[PDB]
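Visitor:
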Amino acid sequence: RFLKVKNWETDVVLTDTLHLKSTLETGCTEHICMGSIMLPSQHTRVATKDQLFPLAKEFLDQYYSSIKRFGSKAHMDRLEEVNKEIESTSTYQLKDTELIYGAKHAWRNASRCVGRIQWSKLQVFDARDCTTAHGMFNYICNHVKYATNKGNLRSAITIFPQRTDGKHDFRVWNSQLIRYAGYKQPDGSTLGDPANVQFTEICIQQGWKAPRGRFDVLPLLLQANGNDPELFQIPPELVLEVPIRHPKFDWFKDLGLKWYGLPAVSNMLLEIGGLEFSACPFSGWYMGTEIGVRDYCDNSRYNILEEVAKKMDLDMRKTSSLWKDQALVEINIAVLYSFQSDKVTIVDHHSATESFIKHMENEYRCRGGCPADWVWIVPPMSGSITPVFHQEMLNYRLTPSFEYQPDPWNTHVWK
Ligand code: HEM
Ligand SMILES: Cc1cc(N)nc(-c2cc(CN3CC(F)(F)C3)cc(F)c2F)c1
Ligand SMILES: C[C@H](O)[C@H](O)[C@H]1CNc2nc(N)[nH]c(=O)c2N1
Ligand SMILES: [Zn+2]
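In the authors' numbering, the protein residues as written are 299 to 343, 348 to 717.
#1: By alpha-carbon positions, which one of 373, 610, 400, 592 ends up nearest to residue 680?
#2: Please classify residue 494 as buried or exposed, where buried requires at least 16 neighbouring CB atoms within 10 angstroms.
#3: Rounded to whole angstroms, how far is the Cβ of residue 588 from the Cβ of residue 633, which I believe are closer than 8 Å?
#4: Smallest Cα separation from residue 483: which of 706, 519, 567?
#5: Listed in chain order, which residues are found with a beta carbon closer than 5 Å to a heavy atom of ligand 3?
#6: I need the straight-line Cα distance from residue 347 to residue 388, nearest angstrom please.
#7: What number of angstroms, rounded off, separates the C-alpha of residue 606 from the C-alpha of residue 581?
#8: Hey, would you say the C-beta of residue 323 is under 6 Å away from at least one heavy atom of ligand 1?
#9: In its own chain, which residues sit with a C-beta less than 8 Å from the C-beta of residue 353, not counting the 5 before and 5 after it?
#10: Residue 481 by DSSP, collapsed to three states: which one?
#11: Along the chain, where does the alpha helix (DSSP H) containing residue 404 start, and where does it finish?
#12: Would you say the beta carbon of residue 326 comes nearer than 6 Å to a heavy atom of ligand 6?
#13: The beta strand (DSSP E) that contains residue 561, what's its start and end?
#14: I'd like to confirm the pairing. Which residues does DSSP put opposite residue 307 in its beta bridges?
#15: Let me check understanding here. Comparing Cα to Cα, which of 531, 327, 302 lies closest to residue 316?
#16: When DSSP labels each residue in this structure, what does residue 577 get in the three-state scheme?
#17: Which word fits residue 341, buried or exposed, when buried means at least 16 other C-beta atoms lie within 10 angstroms of its C-beta?
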């Protein structure tokens, strides 16, 4: 009940006691491990007034513990204040300070995130006064421009009004603020990003005018207060894109690949002291492999191993020539080199995983643990030559937290 994790590259052991403060469930049992189930039944998000105060008290207790005024008079009055408000309105409203804390610690607790070394450097944009889809558009544009910061990217989150009844939900329908369109072709194949083929069509059904190419930045589909969502084009001067060149292969430019600088998840739900924030887009900067391995090389994504290997003139007949592997290294050297040559913030999978081991050390020292999801923390290439491969990690669910949630078009009582 005071568990040990080992590193088998360094023989370093750390003792995890933080997992005792865990509340939520993982999906595993004593007899079955679900650690490679992608969206486990637990990781996805109406809630009543009785359940709300334990969640508020728990959250408030750790917040005041963090400002080193645990259980003071200022704490007990805020406990009374929120109890009374959950009497009156059967819900409550976070202080600005409580919101910034909750948000930072949702990131801090995000066990699948390898970049958490940065968890306290988070800009929080309180959008809880927003009322309209145009309001959201404005807030999201300010977010993009701030977080991008001319390529010196900055981490940020924008928190739209919390869920109330459940039928008046603020939702960004985009999975990520900036994504390329997916167009299936009349001959069955797919242009652009096959991940977004459904979403790309949803936008056209609401009226989008597609410039049917590859890297067409999708418009925003913003749903305010449960109302049918509305289309908005992010000013192109706000969407920073990196053309991908290699530092050796000049035919690499003719591949005509590019990516956006800003990774900005918009479809998750932020949970703070039992309050549910259905629209909470958050952004950092990219680890190279996200674009160069997954985005470019997943069979279900751009799938460029085929044509990259061609132009390298590779032994493509035999599986064991490792032509896929060789082509995949070049692709991620190019992604990295291109972002850096433009002063656009990006991190290589070696630097990021080393920082995470450093982050784990700090969490196990000044916090007693660090929830970590090995399946997700290990990079999708060169796994064992990064230090996280050899690092035992205890996964467990802490709160505040980012949670998955259904795609809004499966759940939105429409009109
Ligand atoms: C600062 C630079 C950051 C880097 C380099 C980074 C890195 C990553 C990577 C590589 C992933 C895996 C993504 C995937 O495989 O799809 C991830 C996931 C995630 N990131 Fe971070 N991240 C950063 C900032 C942030 C911020 C600012 C937040 C929120 C405030 C955040 C929250 C999350 C969450 C919740 C996930 C997991 C999503 C899921 O469970 O599917 N990250 N991050
Ligand atoms: C803040 C941040 C930094 C960074 N480097 N990456 C991401 C990032 C996260 C995800 C997770 N998504 C939720 C899902 F499970 F649906 C897949 C998907 C992406 F495409 C990303 F770019 C986010
Ligand atoms: C089956 C498995 O759970 C699924 O492919 C996961 C594996 N690990 C991952 N790790 C990260 N970082 N991102 C992912 O999308 C996935 N996908
Ligand atoms: Zn397990």
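For each residue, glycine too, the CB sits at the ideal point set by N, CA and C.
Guide: On the basis of the data shown:
#1: It is 592.
#2: Buried, by the Cβ-count rule.
#3: Contact flag wrong, Cβ pair sits at about 14 Å.
#4: Residue 519 is the option with its Cα nearest to residue 483.
#5: Matched residues: 334, 336, 677, 678.
#6: The model contains no atoms for residue 347, which sits in the stretch where the chain goes from 343 to 348 directly.
#7: Those two C-alpha atoms are separated by around 33 Å.
#8: Incorrect: residue 323 has no Cβ contact closer than 6 Å to ligand 1.
#9: The answer, listed in chain order, is 576.
#10: Coil.
#11: In the DSSP annotation of this structure, the continuous segment of the alpha helix (DSSP H) that includes residue 404 starts and ends at 398–410.
#12: The ligand content of the structure shown is limited to ligand 1, ligand 2, ligand 3 and ligand 4, which means ligand 6 is not among them.
#13: Counting along the chain, the beta strand (DSSP E) containing residue 561 begins and ends at 560–562.
#14: Beta bridge pairing from DSSP links residue 307 with no other residue.
#15: Ranking the options by Cα distance to residue 316, first place goes to 302.
#16: Residue 577: strand per DSSP, three-state reduction.
#17: Taking all protein chains in view, the Cβ of residue 341 is crowded by 16 or more other Cβ atoms within 10 Å, so the residue is classified as buried.
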